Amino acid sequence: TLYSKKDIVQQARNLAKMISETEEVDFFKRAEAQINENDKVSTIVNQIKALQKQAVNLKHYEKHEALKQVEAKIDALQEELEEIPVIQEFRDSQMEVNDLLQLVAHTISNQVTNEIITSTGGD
C-alpha cells in the first residue's frame, strides 16, 4: 500500500525533530539564549518598541516631519543592534539553520524527481 498524505506529514515532522538535533540548530539555540540575556540588546529593543509606538501616533495625527525623525531614530537603533556581538552570532546561526532547511528542501525535491525518473523515465 502507498503512503497517505497523513503518513508523509508525520514522517516530515520526524525529519524536523532530527533536524532540530543538529549542530546548526544547537548553535541557534545557544545563540538565542545569549541575546535574550544581553542587556544592551534589551535596552535597544525596548527603545525601538517605544519609538514604534510613537510612530503609529505620529501617522495618526499626520505629523509627517516628526515621523521622519522617529523613523531615523529607529533606523539608527536597528543598525546599532546588528553591530552587537551576540546579535551577529544570532544572525549567523539563523543563516546556518535556514541554509540547512533549504538543503533539505532541495534534496527532497531532487530525490523525488530521481525516484519518478527511475520508475517512469521522465516525459
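In case it trips you up, residue 1 is the first one in the sequence shown, and so on.
Query raised in the report: If you average the Cα B factors in the entry, which is higher, 87-95 or 59-67?
Result: Comparing averages over the C-alpha atoms only gives 59-67.
Query raised in the report: Hey, which bit's got the bigger mean C-alpha B factor in the entry, 45-53 or 73-81?
Result: In the deposited entry, the stretch with the higher C-alpha B-factor mean is 45-53.
Query raised in the report: According to the PDB entry, is the CA B factor of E115 in the bottom, middle or top third of its chain, that is, lowest, middle or highest?
Result: It falls in the top third of the chain.
Query raised in the report: Among the modelled residues of its chain, does the C-alpha B-factor of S109 lie in the lowest, middle or highest third?
Result: Within its chain, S109 is a highest-third residue by C-alpha B-factor, going by the deposited values.
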